[PDB]
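Notes to accompany the following structure.
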Amino acid sequence: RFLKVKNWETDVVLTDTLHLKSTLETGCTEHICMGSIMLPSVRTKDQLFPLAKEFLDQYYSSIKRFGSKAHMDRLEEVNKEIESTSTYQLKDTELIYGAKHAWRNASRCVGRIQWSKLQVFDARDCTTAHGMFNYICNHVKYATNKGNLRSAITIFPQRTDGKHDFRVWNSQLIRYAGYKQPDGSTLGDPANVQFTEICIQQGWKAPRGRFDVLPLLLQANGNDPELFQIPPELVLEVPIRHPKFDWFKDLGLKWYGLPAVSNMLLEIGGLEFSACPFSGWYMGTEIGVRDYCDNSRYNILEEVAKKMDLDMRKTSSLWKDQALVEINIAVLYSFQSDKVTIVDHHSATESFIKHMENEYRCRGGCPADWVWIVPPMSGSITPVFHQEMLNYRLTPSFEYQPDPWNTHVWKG
Amino acid sequence: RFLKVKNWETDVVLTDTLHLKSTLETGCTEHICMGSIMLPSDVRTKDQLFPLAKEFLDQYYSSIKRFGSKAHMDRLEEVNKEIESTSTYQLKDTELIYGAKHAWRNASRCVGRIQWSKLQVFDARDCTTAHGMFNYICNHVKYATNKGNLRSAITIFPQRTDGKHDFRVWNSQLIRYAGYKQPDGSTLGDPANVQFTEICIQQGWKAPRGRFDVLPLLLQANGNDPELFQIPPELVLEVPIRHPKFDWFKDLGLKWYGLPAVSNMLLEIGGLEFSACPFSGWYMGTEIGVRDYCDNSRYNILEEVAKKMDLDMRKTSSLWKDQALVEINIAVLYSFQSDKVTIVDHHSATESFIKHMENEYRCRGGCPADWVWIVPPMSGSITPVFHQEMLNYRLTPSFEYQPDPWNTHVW
Ligand code: HEM
Ligand code: HEM
Ligand SMILES: Cc1cc(CCNCc2ccc3c(C)cc(N)nc3c2)ccc1C#N
Ligand SMILES: Cc1cc(CCNCc2ccc3c(C)cc(N)nc3c2)ccc1C#N
Ligand SMILES: C[C@H](O)[C@H](O)[C@H]1CNc2nc(N)[nH]c(=O)c2N1
Ligand SMILES: C[C@H](O)[C@H](O)[C@H]1CNc2nc(N)[nH]c(=O)c2N1
Ligand SMILES: [Zn+2]
């Protein structure tokens, strides 16, 4: 079974064979497309061997050693261990390979041209929340690299009986607090109101400002989570200024430099790593379009447009569109001026097209989620808009998991 | 299998029950989503056709509160006998109108479907020649344009009978600008219409030498060779493109036509196939300003506009492209609005569509919708539809694509 995708701007045609190796499901059927559904969706060892064998077959193929004595012994080894312990342990090399390919397989990620250059931190010997805090400080320091950002992931011990999970309760390692005011307004990031309240309940002394960096809330071995303050000197931030508009600085905006997602689940050969924070660097629109201009976030369009003196009572003046562009210019300008790594959506999407084509040629495909790959502004003037993409799920992978405060059994 | 869609900007959740009636396929499977493929992939035998007819008549008679009525049963009986008789059947006027409105209601890629029930249907089933097709099309155009106060319309030519005698409009839209080869190996016109614009000449057109030249109609009646007709220029409403602030904008020489009228699709109702069924509404601003003007495969005026704004074009990070794109789209809206010609901005139209969705979920139990096509090509996430989960599925009656005539026409 072969599959063709077309670029409608360049008429480049590529052929997908990689989708044949696709195990998991999409959520779609031949009678319905769930391509715009945000999230569509305790391991017995009946299920675990095949998943382990498949991963190991992948691994030893990638290293030129399929069918080798080393390949066969490792299979036998892992089988014995699953027989004996109902789970198994990855070698370091397998772990690094798994984590890189999870990224490579991440069909929603436009930054995947960088997948081979992931720094993998093995935190599988960690046992306490304090140890978790230490590992995460080191991740942050390393990844930030004084503004010259480096991709990294830190991998905490895998799930066992599901009653001893390691979880980072933060959705991101660095994020701003949100406070719901009595009058209904929100101070700070509305996306984080719920988590902020938990932290506050857990004993966090909230500064109650508009850009308070949240404390880490860390759960080790299924114990109750504990609060830690990331040392402020480790949190790199950028004041947002505009290159031509001088009043922009007076909006009092800033953002943090390091995007580090910490609530996803890393799956490798059937093993589940429930705490595996990973980080890269920002695409400008993440901050300028979504974080700042989503109505459910900081929502600064009107104030910006107000100070641009735009005609704001006629939507067909496109005053929203006009302000959106200036804000994104300011985000890019600020990061570059402070020499903090950032990529504009034009450069990012162009790179991904080059990546995708390369992946089709050396790998036979590259699973891609159009709905997420196309930037949140300026869609059709980026080349991904005009690119047909096949979406399918490969392992190793990053998966969503439910919020820990919903499932956690509290010890007290 | 009673599905939920969530809006992540408002937490509004809708329950979809309508998808269960879906007939055709999507392109997707368990193992692969083809949601972003532009085009997922001879007449019908006689009880391929009756179940098709029955399904249609059931929903038609259900729609008028007469399901299970003897008038319903009589119509099924009548169509059933007409079917076994003639290897086909003919729609009642009422059925034809219902079918056309619902083909629009069911177009999952269309953002403007809140207007679906106010469609002017022109029955052209008595047409026999390309000259008659031309007459019907001029009347469609004059009616739809309405001196700038645009009105939705569809004109329906005779149904396919078996591929023998297909009626086809060879243009992709009733009104489009010529795109020719040229010197330099450059392109003058609309590059998108290159191939078509000299098939016109390949057939006898002689072209006015410009870029914004309205193409001639190329009409095929009863499977015959297609004929050339020029739409009377006084029927073709065009809008000069100026900017409300930048007065150099006029010098680019930009204009666009008022009437978007798609003419190469196939309308399917109760198994019957209408290969010539041009339909029209009015533009959303971004279709012209973002796609028609700024696509690299189209008029691609970005560089030109940026230069005169004297923007920093040395590298992508200045977002000069983005800045110009917005100004270009402000102008289109401005020009159309000032010439009192109908147009909707992408903010208004997407807001309309959200209201439309809530209407369809409430009164109909769902609204099929293709997120990839509904989200505007600029300013995606500041329109409400970006944050709207949508389910895509195929309902009938429908508008479908069909092969380009010049490939299939036994010449
Ligand atoms: C190095 C620069 C990187 C850039 C510019 C980048 C960019 C992006 C963007 C724009 C998204 C869309 C998500 C959103 O808009 O909220 C995304 C999603 C994603 N990225 Fe990347 N990324 C980078 C690195 C990484 C790394 C290092 C990993 C993992 C090790 C990764 C894994 C993912 C995953 C799993 C998603 C899907 C998130 C979800 O479905 O919720 N990315 N990326
Ligand atoms: C009245 C105002 C209308 C507006 C504002 C509107 C808007 C749009 C837009 C923006 C698209 C996206 C396609 C593209 O970007 O090329 C579209 C597609 C479509 N529209 Fe509507 N439209 C309108 C009227 C109509 C009418 C009257 C019909 C049929 C009677 C119709 C049927 C369709 C169909 C079938 C598509 C999908 C085309 C395809 O799949 O290639 N529309 N429309
Ligand atoms: C369910 C959900 C999911 C998400 C995902 C947002 N984060 C995705 C992501 C994940 C990793 C990234 C990385 C690693 C870098 C980067 N620049 N951006 C990244 C963005 C956002 C909101 C919601 C909600 N509600
Ligand atoms: C296969 C294809 C399809 C399309 C779709 C273009 N037509 C869509 C359409 C169809 C009808 C419309 C109508 C009726 C109004 C309006 N404002 N916009 C409309 C837009 C464009 C390019 C290709 C190609 N190649
Ligand atoms: C409803 C829809 O799936 C949702 O709004 C998606 C659309 N595409 C996206 N794309 C990116 N990169 N990030 C997002 O959060 C979303 N949200
Ligand atoms: C490959 C992709 O499907 C293609 O570029 C689509 C994307 N979305 C679109 N959306 C609209 N409204 N019109 C289009 O032509 C397209 N083109
Ligand atoms: Zn799908």
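Hydrogens, waters and symmetry mates play no part in the numbers below; they use all other heavy atoms, side chains included. Proteins come first, then strands; the chains are lettered A, B, ... in the order of their sequence lines, and each starts at number 1.
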Give me the ring orientation class for [X] and [Y]: parallel if the planes are under 30° apart, tilted from 30 to 60°, perpendicular past 60°.
X: A:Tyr256; Y: A:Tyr282; value: tilted
X: B:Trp248; Y: B:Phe246; value: tilted
X: B:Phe279; Y: B:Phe399; value: tilted
X: B:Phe212; Y: B:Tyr299; value: tilted

Just checking, is any N or O donor in the side chain of [X] or [Y] under 3.5 Å from an acceptor N or O on the other one?
X: B:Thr155; Y: B:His140; result: yes
X: B:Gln388; Y: B:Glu9; result: no
X: B:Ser297; Y: B:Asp295; result: no
X: B:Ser379; Y: A:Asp321; result: yes
X: A:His386; Y: B:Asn296; result: no

Take atom NZ of B:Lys142 as the centre, draw a 6.0 Å sphere, and report whether it contains more than 12 heavy atoms from other residues, nucleotides or ligands. no
Does CZ in B:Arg362 sit with more than 12 non-hydrogen atoms of other residues, nucleotides or ligands closer than 6.0 Å? yes
Rounded to the nearest 0.5 Å, what separates atom [atom1] in [X] from atom [atom2] in [Y]?
X: A:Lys314; Y: B:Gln337; atom1: NZ; atom2: CD; answer: 5.0 Å
X: A:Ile329; Y: A:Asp344; atom1: CD1; atom2: CG; answer: 11.0 Å
X: B:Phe386; Y: A:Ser36; atom1: CZ; atom2: OG; answer: 10.5 Å
X: B:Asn193; Y: B:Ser172; atom1: CG; atom2: OG; answer: 5.0 Å
X: B:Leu333; Y: A:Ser316; atom1: CG; atom2: OG; answer: 5.5 Å

I'd like to check [X] versus [Y] (side-chain heavy atoms, cut-off strictly below 4.5 Å). Are they in contact?
X: A:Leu318; Y: B:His347; answer: yes
X: B:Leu311; Y: B:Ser318; answer: no
X: A:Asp369; Y: A:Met389; answer: no

For the backbone of [Y] and the side chain of [X], can you confirm whether one donor and one acceptor N or O come within less than 3.5 Å of each other?
X: A:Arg108; Y: A:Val371; value: no
X: B:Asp190; Y: B:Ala192; value: yes
X: A:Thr349; Y: A:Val384; value: no
X: B:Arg176; Y: B:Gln173; value: no

Trace of the salt bridge (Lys or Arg N to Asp or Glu O under 4.0 Å) decision for A:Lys249 with A:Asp246: CA-CA 6 Å; A:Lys249 68 171 185 301; A:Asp246 181 65; 2.9 Å; yes
Identify whether NZ of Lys or CZ of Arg in B:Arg151 sits under 6.0 Å from the centre of the six-membered ring of B:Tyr143 and within 45° of that ring's axis. yes
With salt bridge (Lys or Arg N to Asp or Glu O under 4.0 Å) as the test, would you mind laying out the steps for B:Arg105 and B:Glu360 before giving the verdict? CA-CA 9 Å; B:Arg105 200 186 191 174; B:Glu360 296 287 74; 2.8 Å; yes
State yes or no: are the ring centers of B:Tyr293 and B:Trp256 separated by less than 6.0 Å? yes
